[PDB]
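Chains as they are written, first to last, in the UniProt record's numbering: chain A, 194 to 386; chain B, 194 to 386; chain C, 1 to 578; chain D, 5 to 474; chain E, 3 to 317; chain F, 159 to 209.
Even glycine gets a Cβ: it sits at the ideal position worked out from N, Cα and C.
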Amino acid sequence: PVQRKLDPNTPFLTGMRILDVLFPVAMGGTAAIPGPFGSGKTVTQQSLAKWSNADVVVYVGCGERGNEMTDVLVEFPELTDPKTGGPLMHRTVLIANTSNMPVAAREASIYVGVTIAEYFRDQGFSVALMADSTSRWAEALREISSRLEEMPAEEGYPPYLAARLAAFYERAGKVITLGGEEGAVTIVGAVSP
Amino acid sequence: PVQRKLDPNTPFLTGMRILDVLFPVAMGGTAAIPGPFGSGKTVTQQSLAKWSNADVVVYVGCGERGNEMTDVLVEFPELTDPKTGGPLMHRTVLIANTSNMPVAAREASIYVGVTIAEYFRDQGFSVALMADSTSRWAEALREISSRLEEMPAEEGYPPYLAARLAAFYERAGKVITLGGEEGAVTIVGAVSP
Amino acid sequence: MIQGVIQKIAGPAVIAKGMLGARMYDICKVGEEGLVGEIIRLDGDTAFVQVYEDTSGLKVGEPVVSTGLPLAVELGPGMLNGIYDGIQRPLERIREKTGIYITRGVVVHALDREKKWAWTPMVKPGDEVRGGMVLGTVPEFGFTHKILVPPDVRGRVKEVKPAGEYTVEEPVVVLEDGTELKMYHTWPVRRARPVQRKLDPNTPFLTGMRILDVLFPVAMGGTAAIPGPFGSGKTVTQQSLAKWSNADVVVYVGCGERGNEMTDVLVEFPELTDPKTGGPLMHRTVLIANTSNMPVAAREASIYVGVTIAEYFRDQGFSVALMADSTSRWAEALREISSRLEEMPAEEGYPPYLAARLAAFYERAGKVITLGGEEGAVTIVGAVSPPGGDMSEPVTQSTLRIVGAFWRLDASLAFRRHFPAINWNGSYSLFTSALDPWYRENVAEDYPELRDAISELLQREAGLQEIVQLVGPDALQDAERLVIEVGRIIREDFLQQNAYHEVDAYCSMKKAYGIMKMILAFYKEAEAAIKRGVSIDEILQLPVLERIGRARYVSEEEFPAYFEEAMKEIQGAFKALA
Amino acid sequence: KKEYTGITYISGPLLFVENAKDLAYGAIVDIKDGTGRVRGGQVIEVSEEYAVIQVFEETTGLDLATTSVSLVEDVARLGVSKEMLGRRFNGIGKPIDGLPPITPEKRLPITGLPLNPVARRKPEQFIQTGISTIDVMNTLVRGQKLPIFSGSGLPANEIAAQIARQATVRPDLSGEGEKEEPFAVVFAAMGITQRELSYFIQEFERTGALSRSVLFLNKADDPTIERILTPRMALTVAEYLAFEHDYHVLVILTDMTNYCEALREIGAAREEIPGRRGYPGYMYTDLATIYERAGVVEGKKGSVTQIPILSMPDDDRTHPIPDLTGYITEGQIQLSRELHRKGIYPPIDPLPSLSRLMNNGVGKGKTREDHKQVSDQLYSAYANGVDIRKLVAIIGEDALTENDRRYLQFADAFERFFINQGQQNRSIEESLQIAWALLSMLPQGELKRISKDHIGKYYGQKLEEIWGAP
Amino acid sequence: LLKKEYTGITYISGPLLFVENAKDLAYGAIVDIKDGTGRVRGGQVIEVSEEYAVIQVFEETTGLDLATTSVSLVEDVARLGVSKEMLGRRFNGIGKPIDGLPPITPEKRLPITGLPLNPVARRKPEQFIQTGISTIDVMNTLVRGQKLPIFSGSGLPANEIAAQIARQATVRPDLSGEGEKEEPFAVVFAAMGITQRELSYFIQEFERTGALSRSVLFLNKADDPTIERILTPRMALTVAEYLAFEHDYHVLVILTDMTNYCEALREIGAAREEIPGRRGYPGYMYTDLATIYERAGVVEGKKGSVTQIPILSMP
Amino acid sequence: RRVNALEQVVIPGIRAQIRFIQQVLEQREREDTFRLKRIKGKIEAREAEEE
Ligand SMILES: Nc1ncnc2c1ncn2[C@@H]1O[C@H](COP(=O)(O)OP(=O)(O)OP(=O)(O)O)[C@@H](O)[C@H]1O
Ligand SMILES: Nc1ncnc2c1ncn2[C@@H]1O[C@H](COP(=O)(O)OP(=O)(O)OP(=O)(O)O)[C@@H](O)[C@H]1O
Ligand SMILES: Nc1ncnc2c1ncn2[C@@H]1O[C@H](COP(=O)(O)OP(=O)(O)O)[C@@H](O)[C@H]1O
Ligand SMILES: [Mg+2]
Ligand SMILES: [Mg+2]
Ligand SMILES: [Mg+2]
């Protein structure tokens, strides 16, 4: 719960020229970055993790490669955050569920990440949340509904997919917390059509 | 029942240049006018109901808007009959079953209209029958077949739809009545793919 | 034996009861008329039988008897010079007893049970026989038909019949354990016949068509496809292969083509002649004939019967060529059968296991060492008719993935009366390189280089069509005009072949080698004259154009003098030039 | 005599009857309601529990208390005779011309047996249809299957009636007189309306063509199972006449699209999963059982020839119904909408049309010596003329060479005279005369496909002989 | 150890059969099906409940019946006996020798599905592999621990490029340091749906170059059962992982014609009436493909590596 | 220039669009077949509730 929801009026500085000049995103907004394979989603989200002005970064690798999480785990302790100094890993929370890991845990990782991001918002920080792919979550939902013997809507997806997607993205925004402080959560989700 | 079916040899004059010159329809003939929404089927059928040379016009609003029925009810009493010189509403019978009326009463409306048209044919008149949409009839059949839990045809319609459509359109023609007179029924149907 | 009664009839599907003990994919006999069908599903005390023919008139309670065996063919003497349908029923003997119509429920045998044969044994008591060995020989036409012990039988010989006249039903050899061996045995068409070892392709499969055995060769035991349109030669080439190839036995399969076209092959084939001996061609061929109105199960099982008979004749030690007509029709039958079983389609409605079946058909070909210790091979040429003429069809795509040769016919060359109509730009063969040692050890040492030179001459002309189709040929430079003329000469004198002619229908490797030598000598001397400086019209004036054109029609005995005479004549004629 | 009264279920076209294991599969039954009216049906499923009957017509007055079912015949049959020439039937064998019913000689099952492939012989004799674009370029051979492909608004009924009225055999060409053999026409119209029904009856009776014809007419408001049964009885009668009385019969099936649609609806009524694009999976086999009943049989003098007529749905030749017809039949004849809109009748387009048995039925002693080469020359010249006509609209008629204008004028005269014949009944001699007069517009020596002897014998005639004879 | 057999077969239909009283069969266990003739088939339990268990058969079900068939348990988990002595041998994709030599003695038995690697336990791939091909080594370089497939066509020469890569591969320690001392370089080759011509070409290439002494070949032919194509890369990757992470080998794995694997997967998935995906392929295909490719990589604290080069032809 | 522009641009785009449309229609047909299979299964399973 929160007290009130405010209107976003400050930018979320990603460090990239085209995303900060031509197509800005505010400090409590949501963005989507779709594209085919090998087109630059993961590099963009990792650049956002490295260089953005958020206080705390939560990275959710739902159903992706295991090498990318290793690269984040190895490189990040050596870098330094733009805000305060000290290692960059001291402001990052990693949730990892690789592609060969159990499929039913893809759904839980997204909710765990968004709940952690909401918890850090309640202390007055500004949090940035990255979902590495929300198509794998839809694949997990499709597999579970196939086991349940339900009737699919389109491309095998259950008819309640859009409701789950809308409920996930609606948790972002700039709020007045119950303790009287001000926090924010911005969500950038990647789609793999 | 009738006594004998006759060949068509007299045109059905509609008052529209392209439909009277290039694509004529005879006195005991049938015609269909399909098209997408906003293409002009209702205006064409109402122009036929105003300007044609048929003795009696039966208009069937199977699953259409109520504002069009109100327009017919208001405008027609002040117009002039093309051949008898009286009010135009004195030669018209209206059957109205709008979109928000109960679903199962659309097929009954079509049958009631064609039965009344056959009744006026037996008195030696020439009757024009307008069916505002025969696609709503098929949709109602599909809706009922969903509750009957039957095995559907190509697009969810019941397998006996074509037989019903053929039985409906085969009631038109120029006949010799049981009383020795001569009458005709000409059907113009609208399709909304 | 398992017997039951009919419980439910619904179309071609029959549910029997009391059939506890019936096995999957057995052959049954349903009703009093004895209509046959397969068991496709077992459920407790019941069984699901699918009848091949129409089930009208059947009643609940009629008996069902299982034969206890899957679909099998009888293999023995008397299969040559025979015409069968998709499930190996003789059509001639059916016609002799039932008239012009094929009535349902007729009973015939694949082999004649009344004809006597001369039996000459090759074993004696005390011998130990393993599957695949030779028990005796029987004369059949110009061949000697070896009698083989079935592949799954081993034991010791007890008694051998002496020489005499016996029918195929008499037990000629009885073993010590009580097994009685006859002149024939049955084998399931869906299971491949075992061998010792598979060899490698190193000997060519001669076709008699110069372009096919020179530019895109296929080896003995290879596979090839030919996707031709209508009027393109898809049938003339197959009968030319039947006549002039170096295979001892030919198996021809019609997978469900039209009746008015099946009549053409069923009439023309008895009137042909065997080039080896002058006798009838049908004395060495087996015909499997199907039409479109015959049951779909026979049409689907047509190619397996043919490949099993080809494997049997290979096991005897011969070389067999198997030609399948319109595997697209077989794929249609497969699609219909899958639709009747309520299976989920893929691609164009075909079942998802189409490629598996196609590979399981094509991979039975090859050159092997038989279980008896001899050599044999099976070569498969399978025609394809794409539906809309598009080569992205699933059947053609699945065929392109497993074959070693690909002869793409095109009707554009049939319009202009160029026969054969093979599109040399799209065709390819993967047996080109590996047969070269045989070529240089049998034909001539320079044969691969000469073939590559001819192919390069044909490739050079293909790049100049963008200029000929802009400006007429008369405006081209003389150097390019020379290659245009030599390309026309190659395309209209070397690639062209008359299969109706007395001597042009057959062409050996050395005759083609000589013709290529003459063409290359013409081209090289013309280019040398061009370097000296000459007009193109004086080269075209030369009388050696007709002596290089009429090399097709010379007999094989007069070739070794004619070739040297033409070579010396062209050498002297280009010596008599500026 | 026995009647079953254990009705337990009625819904749509189906009804279930219990304790009816004596009914064979595919039998025909009579259904009597409370008022005494009798309908008809067919058994589609038999089991130890119950039998399932598919009812012809509607099921309005039926109820479980009073309905009864009795058997008619175990297997559907048709009684045939030679008195059937000149009669009309409704698609299940009942006469509709008001004459007394015929007394049969034999009763045959309507689902005939397949022919033995070794019993057939090659077709080698032609049929004069009286239409120039068919007789000369796409010849119909005795024993062929040549479908006519048409469209939504094209006049296929008129061409069908004209062919049925004008078709004959020409024994004087074949054997210098030979001997006259009988000819009959079997006409099956499936799913037609009342206008077409009146047109067919008037066209057949106004000129005396009925005395050699049998008509099986099925209306659009008739039951669909009658539409399924309609072509099989026509082929049964045709085979009986041809192979038991040595007739030369020609069968015309007026619309196969209606047959395919009825097949789809009947299949969906029996709860079967469809195949490609909603049509049944067994469609190829079902169409093959009808087309392949034609042909000519060794040892018999008669023959059966078929001309199916179908309407392409959206001028699409990749639709399943025209696609599967191409796998069984020998060529096709295609009607053109452009020629029809320009006023040309019969609007037969020669470029996409083709006959695959033409070479076996023409030539020396069959039609005439010059038939094949004349047909090829006409095809090539028309193919040149149409492209020249398309080029003229851009580059103008003055930029053309000398022979191009000749080709253009030939194309115009060809479309005006050879194709557009109206209601004339041209013999093959008249068609060849007009064809030779048309080729004389082109300069001599440009006729590459024709040998010089035929040119010397037949070139040089003027087209005024038909210009003044419309 | 004792054996237990179940004789209560109640239903056979296509590739599936039902066994009623088998309440002690673990999910995913491997069974042996014996018929009257004595022929033994293989199967896997795909769904088990109180009423019955569902078993799919590895090959065709011809000859089975409800009166004589029995089902016997083999092992609860699919395993493969692996050893260091399999270098130089050949197998048929189900784990049986086809070279005529006696079967190997297993040091261990490992599950063929494997277990996921802990992302904390991995490390970054850094060692540069020089193949000698300019368009690879300069612009698209290959690193130890990478998976890098080749996208081929119908007539393009993918097999020859694979052979040339397997012949010319070296790590070049002099440039990057760490000092000389070249390590063994084994090659594990898995072929699925391969034809006899391609098989002969591959065998002749391996025997001519002399690489057969350090190679393990898993060969599946075009006329083999469909299910054996599914299990073929799993045994290959099990052997590769065992060698690399227990004997410090640098293994290079070559998987040939993954299109055949996907087609076999579509066949098996359609046999069990699942909801199809984009072009009839099953909707779980991403997970199944990911369970294969994700088995390469390098591990911190160990000297071995696994490198994967799949080959597929785009339709 | 016009000929080359047509042959190198206009035809391949139309061909690609045709391929895409055909694949979409085939996918819809497959989904409807699956639905019909489920409906037939439910109809069969309803007819044996109490025997
Ligand atoms: N901003 C960038 N600057 C430089 N190189 C880049 C950039 N973005 C991407 N690349 C290059 O392109 C590659 C694309 O890989 P990347 O991981 O970004 O793909 P992706 O969109 O996440 O794909 P996937 O669908 O496989 O998850 C990178 O490995 C890198 O080589
Ligand atoms: N013949 C006409 N002359 C003038 N205006 C016309 C004519 N036909 C149509 N229109 C205009 O286009 C509009 C089309 O509306 P109309 O009610 O005719 O559509 P419709 O095809 O019957 O659609 P619906 O599917 O909603 O029933 C008319 O309201 C009118 O404004
Ligand atoms: N090599 C050839 N020599 C002579 N004629 C040929 C040759 N190839 C094709 N033809 C001609 O092409 C015609 C069509 O035959 P073909 O194409 O073999 O069968 P189909 O037309 O059924 O495919 C034949 O009449 C034949 O005269
Ligand atoms: Mg990525
Ligand atoms: Mg309207
Ligand atoms: Mg042919």
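The continuous alpha helix (DSSP H) containing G199 of chain F extends over residues 169-204. The DSSP-derived three-state label of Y286 of chain D is coil. Under the DSSP assignment, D34 of chain E falls in the beta strand (DSSP E) whose first and last residues are 32-36. For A69 of chain E, the residues of chain C that pass the 7 Å Cβ criterion are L20, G21, in the order they occur in the chain.
Residues of chain E with a Cβ closer than 8 Å to the Cβ of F192 of chain F are, in chain order, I277, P278.
Taking each of D:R92, D:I423, D:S431, D:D416 in turn and checking the Cα distance to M445 of chain D, the smallest one comes out for D:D416.
For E257 of chain A, the beta-bridge partners assigned by DSSP are A:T291. Distances taken from the Cβ of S232 of chain A to the heavy atoms of ligand 1 include one shorter than 6 Å. Going by DSSP, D493 of chain C is part of no beta strand (DSSP E) but of the alpha helix (DSSP H) stretching over 478-493. Annotation for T235 of chain B indicates a beta carbon within 6 Å of some heavy atom of ligand 5. Inclusion of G86 of chain C and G34 of chain C in the CB contact set at 7 Å is not warranted, their separation being larger than that value. Membership of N161 of chain E in the alpha helix (DSSP H) is indicated by the continuous run 160-170.
Shown here for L442 of chain D: same chain residues with a beta carbon closer than 8 Å to its own, the five before and five after excluded, namely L382, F414, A417, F418, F421, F422, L467 in chain order. Counting of Cβ neighbours within 10 angstroms places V56 of chain D among the buried residues, the total reaching 16 or more. Close CB contacts of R281 of chain D within its chain, under the 7 Å cut and outside five residues either way in sequence, are with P324 (chain order). Neighbourhood of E363 of chain C in chain E, by CB distance below 8 Å: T197, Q198, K223, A224, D225, in chain order. Residue contact check for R186 of chain F against chain E: no CB pair falls below 7 Å. For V378 of chain B, the beta-bridge partners assigned by DSSP are B:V320, B:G366. In this structure, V84 of chain E places its C-beta atom within 7 Å of the C-beta atom of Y244 of chain E. Burial check for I570 of chain C: the Cβ neighbour count within 10 Å reaches 16 or more, so the residue is buried. Of all residues in the segment 332-354 of chain B, only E342, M344, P345 come within less than 8 Å of chain F when Cβ atoms are compared, listed by chain position.
If you draw a 10 Å sphere on the C-beta of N293 of chain B, you find fewer than 16 other C-beta atoms in it, and that means exposed. With distances taken between CA atoms, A321 of chain B lies nearest to B:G306 out of B:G306, B:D200, B:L341. In the structure shown, the three-state DSSP call for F93 of chain D is strand.
By the CB criterion at 7 Å, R41 of chain E and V59 of chain E fall outside the cutoff.
Within a 10 Å sphere around the beta-carbon of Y312 of chain B sit fewer than 16 other beta-carbons, which makes this residue exposed.
What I57 of chain E touches in chain C, judged by beta-carbon distance under 8 Å, is nothing: the nearest beta carbon there is about 14 Å away.
Around the beta carbon of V300 of chain E, a 10 Å sphere encloses 16 or more other beta carbons of the protein chains shown; the residue is thus reported as buried.
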